[PDB]
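Take a look at the structure below.
Hydrogens, waters and symmetry mates are skipped; everything else that's a heavy atom, side chains included, is used. Letters A, B, ... mirror the listed sequences (proteins, then strands); counts begin at 1.
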Amino acid sequence: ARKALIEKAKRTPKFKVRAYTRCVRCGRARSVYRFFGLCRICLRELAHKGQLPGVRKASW
Amino acid sequence: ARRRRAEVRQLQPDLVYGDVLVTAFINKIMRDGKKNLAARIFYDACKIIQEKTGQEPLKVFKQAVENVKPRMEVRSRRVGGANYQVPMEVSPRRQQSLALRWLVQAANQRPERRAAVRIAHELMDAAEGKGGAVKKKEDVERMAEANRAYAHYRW
Amino acid sequence: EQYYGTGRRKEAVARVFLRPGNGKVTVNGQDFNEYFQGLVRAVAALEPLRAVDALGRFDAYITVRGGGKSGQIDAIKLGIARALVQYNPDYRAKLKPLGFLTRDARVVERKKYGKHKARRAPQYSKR
Amino acid sequence: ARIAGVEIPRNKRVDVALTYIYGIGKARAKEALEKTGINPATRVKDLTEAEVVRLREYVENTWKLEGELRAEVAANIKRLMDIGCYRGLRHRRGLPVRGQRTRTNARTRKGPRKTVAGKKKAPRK
Amino acid sequence: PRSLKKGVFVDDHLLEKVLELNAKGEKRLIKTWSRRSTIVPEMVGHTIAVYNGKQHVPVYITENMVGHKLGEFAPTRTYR
Amino acid sequence: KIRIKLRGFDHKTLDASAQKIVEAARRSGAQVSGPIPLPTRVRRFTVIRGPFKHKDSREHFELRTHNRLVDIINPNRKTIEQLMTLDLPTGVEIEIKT
Amino acid sequence: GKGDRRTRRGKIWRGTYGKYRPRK
RNA sequence: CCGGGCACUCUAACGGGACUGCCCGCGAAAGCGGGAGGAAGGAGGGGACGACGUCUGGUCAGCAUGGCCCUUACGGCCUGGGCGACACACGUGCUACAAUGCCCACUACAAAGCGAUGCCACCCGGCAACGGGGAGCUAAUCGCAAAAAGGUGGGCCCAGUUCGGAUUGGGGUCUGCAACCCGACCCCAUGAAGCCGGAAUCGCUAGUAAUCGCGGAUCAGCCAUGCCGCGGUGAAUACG
Ligand SMILES: [K+]
Ligand SMILES: [K+]
Ligand SMILES: [K+]
Ligand SMILES: [K+]
Ligand SMILES: [K+]
Ligand SMILES: [K+]
Ligand SMILES: [Mg+2]
Ligand SMILES: [Mg+2]
Ligand SMILES: [Mg+2]
Ligand SMILES: [Mg+2]
Ligand SMILES: [Mg+2]
Ligand SMILES: [Mg+2]
Ligand SMILES: [Mg+2]
Ligand SMILES: [Mg+2]
Ligand SMILES: [Mg+2]
Ligand SMILES: [Mg+2]
Ligand SMILES: [Mg+2]
Ligand SMILES: [Mg+2]
Ligand SMILES: [Mg+2]
Ligand SMILES: [Mg+2]
Ligand SMILES: [Mg+2]
Ligand SMILES: [Mg+2]
Ligand SMILES: [Mg+2]
Ligand SMILES: [Mg+2]
Ligand SMILES: [Mg+2]
Ligand SMILES: [Mg+2]
Ligand SMILES: [Mg+2]
Ligand SMILES: [Mg+2]
Ligand SMILES: [Mg+2]
Ligand SMILES: [Zn+2]
């Protein structure tokens, strides 16, 4: 997550397409789940801390 | 099977002849788990054993399986220097497993264009002492006995 | 008047109501050989009767939903066996051996990760 | 009997047979026997001289086939090349022409595999 | 089996720049960075230098070239 | 007859505070359609444990949304009293109609 | 088989619809 | 389908039950063998869970951080190209080489999930992709939807074929500012190699392998045959 790149936040991307998501917590581009705004890593860390409401360790 | 002795599986007897041996053969004929299509085949072929024979198919079937059972087979075993093909008795269960495996195998080597025909003719030809399967059974038996010189490696 | 045993198999539920009569079995409306037929298996679902020696004494209205036909074929094997228990309980002493009363726990094993199908593991070279 | 161009299908379903024609697929076949009331299932050799005519009449005039088609295709590719088109250059040296990877595969367009010497010191595995 | 739809695309940087060179002549050379623009009639005769990601290549345009994109004549990769 | 639907992540913050909106309606209104279950909407997240490669680890995470019904037959204006504003659930959301 | 773009299985496998696999 | 009713299925919440308790034998004991009852036994089946430590293991390009280095540029914006290059070589996979098969038609049983500028019923135009119109749905109440293999009927008749769909030509739909480089999709035409694979080598012990299709995450679209899941059908074999 280079800073000049966290420019993403741009309601004015110029073209809706260029509008890519990023991790709300790290800036991580890839594996950025939509239901959380977080990335694949952050999602696991926080879920472990209990800060993700409802989120639980699934087993079946 | 390092720990146990591995018990044998039991199979639901045939939905017709009410025989387990039949189901065994059915499963060997099976493929990709299509047990329905598999069952059909044995049955159609089972019918074709009649109107070609005045005998009951089951008696035919059960005696083919019999002539294909090998009473001796050669197994390997390294004894410093190389591997010696050692002949030895074949257990009652492997005989059956081998016999059936061989029938489906020879059957499918036949030229007859459709399955049921192939199983049928192989069943028959086998019943009277000829056919791919019996050939195999005899090549095997000939293998053993052809290595009597290594009989003292019992095991 | 009536008898009813449930019966389940591999995620299939079967309602089996046995009612004195000829012996014509129904399944979701369709005749027995109408919901099945073409399935050499089916015949076995009515084995519960044959064992106790029923058949010519009971008719059967059956409901079936969930999974696949061969599964249903087995759930029904319990219905006709559980309902056949409410009728005469001295029958349980004849289906115990046959095991028609035993529910079949065998079910699809979960698909694990790293693997391709729960157990089928991916292949490697090592060179 | 002989239809479209110097070709003659035979002893087998007219639809299947019409397939041996160049520009005639399996769809064009179903249509021709359709717009010509001929039963597709009939074995060519059992066709009426009247049917063969009504059949020939249609196919011949309604589509470009055999020598004709090849001359066109051959013609199009030639044009692509003649106009410095990228798609042309691919044809220029028989390499995939539809955005396909060429690091691996592309054997049908490249043909037999021409192996050479390489660096085995590095696990190219 | 190519496609675009019902509204053929062409970048207006030249769409009008090119047509203007017709309003009073024809001119010489042109420099574009839109290898994505379709080629249309009014371009024939002209000579446009398309960018191959590195330079501007002198692409002469002929009648039998309309419909194709400019990039198709400015190869990006240098090989053997 | 008031359609009630209780959703939540906790199977006690609902199942329980779903009897408060039933008992506080048993004696002030009809008999109520009692508390009705309703299947759950399990949303799974499968992610790679490690931060780099090792894609054969994973570890699973679910966020299951439980649901409840209730339904109070006879829009008893006398039931609307006990209810209205008297509960204890913090992790719940209600959707109700007539 | 599943690879034939112009067949039923061809469309099923490729998840699409069309002439060879109508949307009923 | 309506009245109607919650017995049944089911939905989701609590709880019951299995303990070698229960019977014969061996045993010093633990426990082992066998049976009875029971849906289930002896760890019933599958998960979550992985010690002290090891490999100067992997990641400073997720994030954090010491040191070091660049600070009209090793920072920044942008247009375009590249990550998609192709004489070659390997890994993992997909689809196959076919008759236990392929095709067309008709007919039947699933589970788990997703759905507001979203899933899209039904209707009309189009061979079709899709386009126009438009009902319902805050979704056990509507949609994705067909499950496929299967069953029934017909066709093909052993052929590189009605096997197999590569490659290439043409026309067109769609998402997106824009599909040349470099998208998927439909339709016509083309119709390749492949006849079951050398040495060598991988997986799997039961509802598993094998086989069949279904959903989702990311996502405008998609190069997913990948990945994480679901259920249908359902083996062989283990002396040792
Ligand atoms: K492995
Ligand atoms: K080739
Ligand atoms: K296949
Ligand atoms: K357990
Ligand atoms: K270390
Ligand atoms: K093989
Ligand atoms: Mg940083
Ligand atoms: Mg994007
Ligand atoms: Mg993103
Ligand atoms: Mg499965
Ligand atoms: Mg042709
Ligand atoms: Mg390329
Ligand atoms: Mg084909
Ligand atoms: Mg097909
Ligand atoms: Mg004891
Ligand atoms: Mg003793
Ligand atoms: Mg533990
Ligand atoms: Mg190191
Ligand atoms: Mg390193
Ligand atoms: Mg790359
Ligand atoms: Mg491979
Ligand atoms: Mg229409
Ligand atoms: Mg047929
Ligand atoms: Mg072909
Ligand atoms: Mg062949
Ligand atoms: Mg392997
Ligand atoms: Mg997607
Ligand atoms: Mg691609
Ligand atoms: Mg898929
Ligand atoms: Zn992050």
NZ/NE/NH1/NH2 to OD/OE distance under 4.0 Å, [X] and [Y]:
X        : Y        : result
C:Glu109 : C:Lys115 : no
F:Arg68  : F:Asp15  : yes
A:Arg56  : F:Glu62  : no

Side-chain N or O of [X] versus OP1/OP2 of [N]: is the shortest distance under 4.0 Å?
X        : N       : answer
C:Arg119 : H:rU208 : no
D:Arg124 : H:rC88  : no
A:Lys16  : H:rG221 : no
C:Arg8   : H:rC10  : yes
G:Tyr17  : H:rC127 : no
A:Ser31  : H:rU218 : no

Base contacts versus sugar-phosphate-only contacts with protein, heavy atoms under 4.0 Å: please encode nucleotides 72-80 of chain H as B, S and - from 5' to 3'. ----SS-SB
Could you encode protein contacts along nucleotides 226-240 of chain H as a string, one character per nucleotide from 5' to 3', using B for base contact, S for sugar-phosphate-only contact and - for no contact, with a heavy-atom cut-off of under 4.0 Å? -SSSSSSBBSSBBBB
Evaluate [N] against [M] for Watson-Crick or G-U wobble pairing; both distances have to be shorter than 3.5 Å.
N       : M       : value
H:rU167 : H:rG58  : no
H:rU175 : H:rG215 : no
H:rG46  : H:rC69  : no
H:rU59  : H:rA166 : no

Between [X] ([atom1]) and [N] ([atom2]), how many Å, whole number?
X        : N       : atom1 : atom2 : value
C:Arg120 : H:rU205 : CZ    : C1'   : 15 Å
D:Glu72  : H:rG171 : CD    : P     : 9 Å
D:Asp15  : H:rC156 : CG    : P     : 10 Å
G:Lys2   : H:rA166 : NZ    : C1'   : 18 Å
G:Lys24  : H:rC120 : NZ    : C1'   : 17 Å
D:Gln100 : H:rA85  : CD    : P     : 11 Å
C:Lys126 : H:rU92  : NZ    : P     : 13 Å
G:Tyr20  : H:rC186 : OH    : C1'   : 10 Å

My parser flags sugar pucker from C1'-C2'-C3'-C4'; what should it report for [N], north or south?
N       : value
H:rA200 : north
H:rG17  : north
H:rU162 : south
H:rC6   : south

Do the six-membered rings of [N] and [M] lie with centres under 5.5 Å apart and planes under 30° from parallel?
N       : M       : answer
H:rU225 : H:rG226 : no
H:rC74  : H:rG75  : no
H:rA147 : H:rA148 : yes
H:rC55  : H:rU56  : no
H:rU161 : H:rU162 : no

Among H:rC182, H:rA206, H:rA87, the one nearest D:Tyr86 by side-chain distance: H:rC182
Pairwise distance CD(B:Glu73) to CD(B:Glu89) - rounded to 0.5 angstrom: 11.0 Å
In whole Å, what separates the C1' atom of H:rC174 from that of H:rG131? 10 Å
Is [X] touching bases, backbone alone, or none of the nucleic acid, heavy atoms closer than 4.0 Å?
X       : answer
D:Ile77 : sugar-phosphate
A:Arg40 : nothing
C:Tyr4  : sugar-phosphate

Between N or O atoms, less than 3.5 Å apart, protein on one side and nucleotides 172-174 of chain H on the other: list the pairs.
| residue | atom | partner | partner atom | Å |
| --- | --- | --- | --- | --- |
| H:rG172 | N7 | E:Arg2 | O | 2.5 |
| H:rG172 | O6 | E:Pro1 | O | 3.2 |
| H:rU173 | OP2 | E:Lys5 | O | 3.2 |
| H:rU173 | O4 | E:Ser3 | OG | 2.4 |
| H:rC174 | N4 | E:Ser3 | OG | 3.3 |

